[PDB]
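Notes follow the structure.
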Amino acid sequence: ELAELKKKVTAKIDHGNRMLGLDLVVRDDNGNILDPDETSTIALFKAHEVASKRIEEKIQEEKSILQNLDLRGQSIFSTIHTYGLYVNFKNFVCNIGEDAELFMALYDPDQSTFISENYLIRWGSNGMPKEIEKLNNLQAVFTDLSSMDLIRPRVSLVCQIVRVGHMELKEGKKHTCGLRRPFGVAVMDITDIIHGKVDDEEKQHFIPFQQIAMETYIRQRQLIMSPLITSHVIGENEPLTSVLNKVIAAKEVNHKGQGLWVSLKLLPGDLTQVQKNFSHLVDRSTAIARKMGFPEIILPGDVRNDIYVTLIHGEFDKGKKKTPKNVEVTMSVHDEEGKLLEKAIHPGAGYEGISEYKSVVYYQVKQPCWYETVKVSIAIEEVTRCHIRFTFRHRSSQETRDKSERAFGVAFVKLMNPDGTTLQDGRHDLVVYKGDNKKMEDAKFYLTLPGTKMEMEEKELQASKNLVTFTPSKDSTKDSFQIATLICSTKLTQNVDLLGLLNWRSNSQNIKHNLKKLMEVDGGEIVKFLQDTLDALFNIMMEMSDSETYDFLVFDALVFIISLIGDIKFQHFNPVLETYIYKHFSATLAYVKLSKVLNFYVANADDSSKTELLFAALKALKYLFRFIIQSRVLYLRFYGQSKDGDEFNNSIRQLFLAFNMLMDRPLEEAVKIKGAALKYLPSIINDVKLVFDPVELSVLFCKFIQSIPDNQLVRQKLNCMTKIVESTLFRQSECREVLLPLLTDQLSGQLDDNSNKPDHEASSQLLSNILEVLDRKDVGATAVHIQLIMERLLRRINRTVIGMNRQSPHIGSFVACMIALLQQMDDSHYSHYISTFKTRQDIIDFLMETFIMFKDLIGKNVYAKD
């Protein structure tokens with residue numbers, strides 16, 4: 001709080017200073033007067049320019065916000081990718097007469113797909129809440145939202161309601177109390193609402209609503225001159241796709257007095273701060289919903305052990321009677337011994353779970369649409385030995401026959417696979433079995449019965465090839481079902497290659513096939529058990545070092561894995577990788593193996609098919625060199641001292657010379673590739689200095705850069721050098737008299753080119769940072785080195801500023817450079833060599849040129865008068 005208040009106060013202070021054109025502040029943080037303490041003219045300018053650009057950004061934002069307030073909301077929402085939905089469910093103006101259940105979610109009409117899950121709310125029979133606790137404290141947060149979900153072309157919230165009570169909402173027949181019957185779905189457009197342009201929590205937008213046919217008072221009574229009506233009643237005979245799309249396209253509905261008051265508010269962030277800063281909208285009793293989708297902010301510890309099962313559609317033949325059988329999914333959770341567990345089904349997000357759950361009922365539909373997603377939560381050890389059954393019970397009109405009739409057909413699904421896998425995500429069909437009632441009840445029997453499409457089809461194929469111990473049963477009927485599975489858990493494995501990494505000892509025959517398939521894997525399943533996969537690869541490359549093609553495919557796979565690690569979506573897990581390196585990384589001799597493999601890689605860089613592979617390898621060199629350094633230090637500490645240090649240093653030097661020849665060979669095919677290679681080249685050599693001799697590393701880099709041609713892509717290599725001296729030149733104890741000549745040579749090449757217009761900024765950053773290292777108090781003695789510097793760092797910059805006296809470029813940078821230079825040197829070195837220049841005519845010319853450039857700098861100085 002102190003830091004943020006200091007920042008905002010200082011920002012508004014400088015805003016006032018500039019708007020009235022008076023003196024501003026320095027050193028934005030921690031003191032604000034620390035700059036005039038001769039700290040750094042470099043940092044002085046840096047503060048100047050950052051303050052100036054902040055001024056420009058603030059004034060343009062002020063000008064934009066003086067007219068419209070649309071950019072601020074979009075920017076705030078784009079700051080992070082973690083948002084939540086809050087509903088202000090005020091009241092329900094309607095009256096039905098039976099218990100009601102609410103189900104709202106997110107559906108994209110353009111994608112024609114649902115996104116989020118649904119939560120249930122108990123409501124009374126006459127527009128009241130059954131639980132008055134939710135009457136007033138109705139605070140709900142629906143998490144898992146990001147920019148990619150907000151970038152949807154049409155964003156709408158789907159709200160469906162299912163009743164609980166009688167089969168008929170009138171007299172005529174007795175019906176069992178406590179059964180599910182859907183009514184209809186309400187959908188509203190929230191595209192403009194989710195943009196956060198206007199924050200109005202009090203406003204309660206009414207939504208018109210449409211549902212299935214329920215009354216026959218005006219539709220049929222008045223029909224004259226042609227009475228011919230032979231039809232039935234449509235109570236629940238609506239496929240959901242067409243009705244949902246029609247409601248979406250619809251703009252207004254004659255609900256005839258039915259609807260509710262709701263307001264949707266977007267609160268950015270997660271439960272960490274919305275439970276503290278958004279307490280007025282997010283209480284402690286707020287329900288939290290996990291959308292069926294991978295998070296955009298893939299942070300560590302985002303624990304999700306939710307198993308989502310979606311019921312979509314299924315064929316239902318009429319059968320012996322013309323009325324299709326009433327189908328209710330009486331499902332339950334069972335273990336390896338078929339024991340029912342309690343509180344395992346969570347139809348609503350934020351509500352208590354139930355041991356058993358039943359589904360909705362339709363009005364004798366051959367092909368009804370369900371859109372029914374349910375969630376399963378089981379212990380990670382227990383879920384490995386769990387199974388789910390789907391018993392379908394025929395429900396009759398009278399309670400006696402409704403409850404007397406048992407499950408006519410039983411379905412089921414295996415939660416695992418015999419090879420170790422689990423149920424793969426995607427659309428799965430179902431086939432039900434009827435008739436016998438004894439073989440489908442004993443738990444130990446149906447453990448090996450067909451319950452999923454993939455296992456059923458593979459079993460029938462095995463029967464076709466070998467009709468021994470497996471024969472296709474005839475108990476199936478003329479119906480089928482279809483399900484959607486999306487298990488967003490943390491311990492599942494929907495990848496045969498995943499277990500293959502886990503248990504390669506069992507099926508090492510397909511090692512080549514698995515290594516080939518390792519490079520198209522989805523990121524989430526990888527990051528789920530990346531640590532285990534990496535180890536397994538380490539063990540494979542350790543114990544099996546005989547096959548070099550195995551080594552090639554393993555290196556390619558690890559390159560792909562570390563590349564996916566390096567993506568912008570997964571910097572959160574990089575600390576996890578660091579910690580796993582520090583705790584479980586047990587490689588001792590793999591460092592030299594990987595070093596030799598990459599030496600082969602660079603020495604064999606001639607293939608055109610190897611282009612992108614080596615490109616990504618050099619992109620991710622940092623992490624692999626981290627692994628190599630860890631393995632080598634582990635070896636050194638295990639054996640105390642290694643005489644293999646000399647040979648591995650020679651290996652690194654051979655890698656250096658391989659890079660030398662890699663740059664020497666023609667660039668026509670590796671322009672971007674070699675540019676990026678130099679771009680990230682010294683990123684890890686910082687930690688290599690911890691393990692190798694700094695003098696040799698520095699001089700090898702000096703030889704490399706002096707070998708870099710003076711013909712192509714100079715600005716890129718100058719950015720490289722910028723980052724180069726930035727690192728470990730502060731480790732100046734052994735890298736002065738060698739690094740300084742290289743800087744001198746590259747700046748001299750920078751000097752006279754007749755095309756150094758974009759070179760000015762690069763050379764500016766260069767000289768800036770070199771002076772930064774020259775001034776550091778953690779350096780020591782720098783007398784003779786600064787002496788040689790000023791021996792060759794004065795006339796050249798004088799000439800450069802003389803050439804670029806034009807006032808359009810960013811001269812003030814070089815102004816700061818030269819002034820820092822002049823102040824930094826003490827009078828002694830001035831007297832020793834700045835005085836000891838060439839002949840009297842030459843020194844007089846020097847003096848007059850200096851006077852000219854001084855008067856030109858002072859003459860019409862072109863700063864921002866601030």
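Residue numbering restarts at 1 in every chain; chains get A, B, ... in the order shown in the structure tokens, and ligands count up from 1 in that same order.
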
Using the chain letters and numbers from this document, which residues of range 636-689 of chain A does DSSP assign to alpha helix (DSSP H), as a ChimeraX atom specification? /A:636-639,644-664,671-679,685-689

Taking 6 positions as the minimum chain separation for residues in the same chain, which residues sit within 6 Å of range 131-145 of chain A when counting only C-alpha atoms? Answer as an NGL selection string. :A and (82-86 or 286-291)

Contact residues around residue 788 in chain A with only C-alpha atoms at 9 Å, ignoring same-chain residues under 5 positions, as a ChimeraX atom specification: /A:740,783,793

Produce a file of the selected residues containing N, CA and C atoms, as a PDB file, in the first residue's frame.
ATOM      1  N   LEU A 740      37.743  -4.580 -23.056  1.00  0.00           N
ATOM      2  CA  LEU A 740      37.804  -3.192 -23.508  1.00  0.00           C
ATOM      3  C   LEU A 740      38.326  -3.057 -24.934  1.00  0.00           C
ATOM      4  N   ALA A 783      42.301   2.572 -13.075  1.00  0.00           N
ATOM      5  CA  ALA A 783      43.040   3.762 -13.484  1.00  0.00           C
ATOM      6  C   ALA A 783      43.555   3.637 -14.915  1.00  0.00           C
ATOM      7  N   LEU A 793      38.512   7.284 -26.545  1.00  0.00           N
ATOM      8  CA  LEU A 793      37.069   7.462 -26.413  1.00  0.00           C
ATOM      9  C   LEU A 793      36.655   8.933 -26.368  1.00  0.00           C
TER      10      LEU A 793
END

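If you measure from each of A:365, A:541, A:519, A:781 to residue 564 in chain A using only C-alpha atoms, the closest one turns out to be A:519.
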
Range 333-369 of chain A residues near range 474-491 of chain A within 12 Å, closest pair each, using only C-alpha atoms, as a tab-separated table:
residue	atom	partner	partner_atom	distance
A:366	CA	A:479	CA	9.4
A:367	CA	A:481	CA	9.4
A:368	CA	A:481	CA	10.5
A:369	CA	A:482	CA	10.2

Can you pull out the residues contacting residue 454 in chain A? Cut-off 9 Å, using only C-alpha atoms, and skip same-chain residues under 4 positions away; I want them as a ChimeraX atom specification. /A:428,458-459

Interatomic distance (Å, one decimal) between CA of residue 659 in chain A and CA of residue 615 in chain A: 13.3 Å

What lies within 7 Å of range 115-118 of chain A using only C-alpha atoms, ignoring chain neighbours under 3 positions off, as a CSV table (one decimal) with N, CA, C and O atoms, in the first residue's frame?
chain,number,residue,atom,x,y,z
A,103,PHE,N,-30.2,-23.5,-13.7
A,103,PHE,CA,-29.0,-23.9,-14.4
A,103,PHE,C,-28.6,-22.9,-15.4
A,103,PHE,O,-29.2,-22.7,-16.4
A,104,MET,N,-27.5,-22.1,-15.1
A,104,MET,CA,-26.9,-21.2,-16.0
A,104,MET,C,-25.5,-21.5,-16.3
A,104,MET,O,-24.8,-22.2,-15.6
A,105,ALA,N,-25.1,-21.1,-17.6
A,105,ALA,CA,-23.8,-21.5,-18.1
A,105,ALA,C,-23.4,-20.5,-19.2
A,105,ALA,O,-24.1,-19.5,-19.4
A,106,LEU,N,-22.4,-20.8,-19.9
A,106,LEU,CA,-21.9,-20.0,-21.0
A,106,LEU,C,-21.9,-20.9,-22.3
A,106,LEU,O,-21.4,-22.0,-22.3
A,107,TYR,N,-22.5,-20.3,-23.4
A,107,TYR,CA,-22.6,-21.0,-24.7
A,107,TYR,C,-22.2,-20.0,-25.7
A,107,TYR,O,-22.7,-18.9,-25.7
A,291,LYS,N,-14.8,-23.6,-15.0
A,291,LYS,CA,-15.2,-23.8,-16.4
A,291,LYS,C,-14.5,-24.9,-17.0
A,291,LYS,O,-13.3,-25.2,-16.7
A,292,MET,N,-15.2,-25.7,-17.9
A,292,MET,CA,-14.6,-26.8,-18.6
A,292,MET,C,-13.6,-26.3,-19.7
A,292,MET,O,-13.9,-26.3,-20.9
A,348,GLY,N,-24.2,-28.9,-9.1
A,348,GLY,CA,-24.1,-27.5,-9.0
A,348,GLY,C,-22.7,-27.2,-8.4
A,348,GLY,O,-22.3,-27.8,-7.5
A,349,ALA,N,-22.1,-26.1,-9.0
A,349,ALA,CA,-20.8,-25.7,-8.5
A,349,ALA,C,-20.9,-24.8,-7.3
A,349,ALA,O,-21.5,-23.7,-7.4
